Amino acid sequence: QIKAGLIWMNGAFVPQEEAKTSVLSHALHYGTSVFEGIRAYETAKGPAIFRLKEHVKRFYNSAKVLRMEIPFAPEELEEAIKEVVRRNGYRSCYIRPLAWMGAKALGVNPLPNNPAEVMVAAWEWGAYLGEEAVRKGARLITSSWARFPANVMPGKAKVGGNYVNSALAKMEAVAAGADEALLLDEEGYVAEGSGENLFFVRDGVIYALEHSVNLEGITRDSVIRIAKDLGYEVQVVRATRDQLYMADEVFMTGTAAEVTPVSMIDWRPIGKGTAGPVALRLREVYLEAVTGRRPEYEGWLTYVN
């Protein structure tokens, strides 16, 4: 499977083969888990975790939505997140904290299963997209699956069950020949990708999409701050698929996707048909920030060493 190595399991690191849970775990049956996507980027000062506290804060916030009790102080989880990097001797890596309801009972109500089991795993990237691919840009296709209304699934939380919607949309997009899916909300407005927030640029202005039913991305937040620091005007608005069709540029953000320009949506080219200068510039500054080359953004980094 995934080459994670030593995994933190409820308080102590164990070999990957020991990082297993009962197949009767509530979360494996009812999607009652919460997770985070965190990255450590190598610097000449060792690995630096990007916006660790903001991600951990969201982790506990997601748990609160499910009334899930995480039996560890945020400080303990933060230490575990730094340790999973050190103990495995990783430089750059992806970190996946997970809290899930165990196998105490299988009634749909997860309360009797509290407190939640928790683990932190991390693994290295197999490959990265090169500048050629980034410039060609991602191709999106609008999904036939709508992102869930705000009173159907908790869209501000990274709750496991939520991703059945993301999985269905992603599979559909790939089957259609696209790189990613663009989900609309039930009313017909653009929501977000299967796991990425959307932005578009028109006549010099950068438009971030309102939160609506989307997750409040930390990369999105980072990109907006960076854009403003560079002197760009940033507006937050609700958008339709055809506002994106006629945008000068479109790009998406996410911990895994960083800043990814989108060159085509529903087989309709965006602007020049390749990544545009704004998205390529934002991506560069963002990468400079996460890899510790921007003193003004060092506050966002937590050095493991």
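All residue numbers are counted from 1 along the displayed sequence. In this text, rigid core is short for the largest set of C-alphas that superpose within 1.5 Å between two forms.
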Next item on the list: Could you say which moves further from this form in 4 other deposited structures of this protein, stretch 117-125 or stretch 186-194, by root mean square CA distance after aligning on the core?
Entry: 117-125
Note to self: Tell me whether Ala133 turns out to be unmodelled in at least a third of the other entries of this protein, restricted to those that model residues on both sides.
What the structure shows: yes
Item checked: Residue stretch of maximal mean CA temperature factor, 279-287 vs 8-16 -> 8-16
Notebook entry, point to check: According to the deposited model, is the average Cα temperature factor higher in 238-246 or in 38-46?
Noted result: 38-46
Check: Quick one: which of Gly161, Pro112, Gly188, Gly155 has the biggest Cα B-factor according to the entry?
Finding: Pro112
Next item on the list: Go through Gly254, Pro261, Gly273, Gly31 one by one and give the residue whose Cα B-factor in the PDB entry is largest.
Entry: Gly273
Notebook entry, point to check: Against its chain's modelled residues, does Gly130's Cα B factor rank lowest, middle or highest third?
Noted result: highest
Note to self: Please say which third, lowest, middle or highest, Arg268 falls into when its CA temperature factor is compared across its chain.
What the structure shows: middle
Next item on the list: Select lowest, middle or highest to describe the third in which the CA B-factor of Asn165 falls within its chain in this entry.
Entry: lowest
Next item on the list: Check where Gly193 lands among this chain's C-alpha B-factors and tell me if it's the lowest, middle or highest third.
Entry: lowest
Check: How does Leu184 rank on Cα B-factor within its chain, lowest, middle or highest third?
Finding: lowest
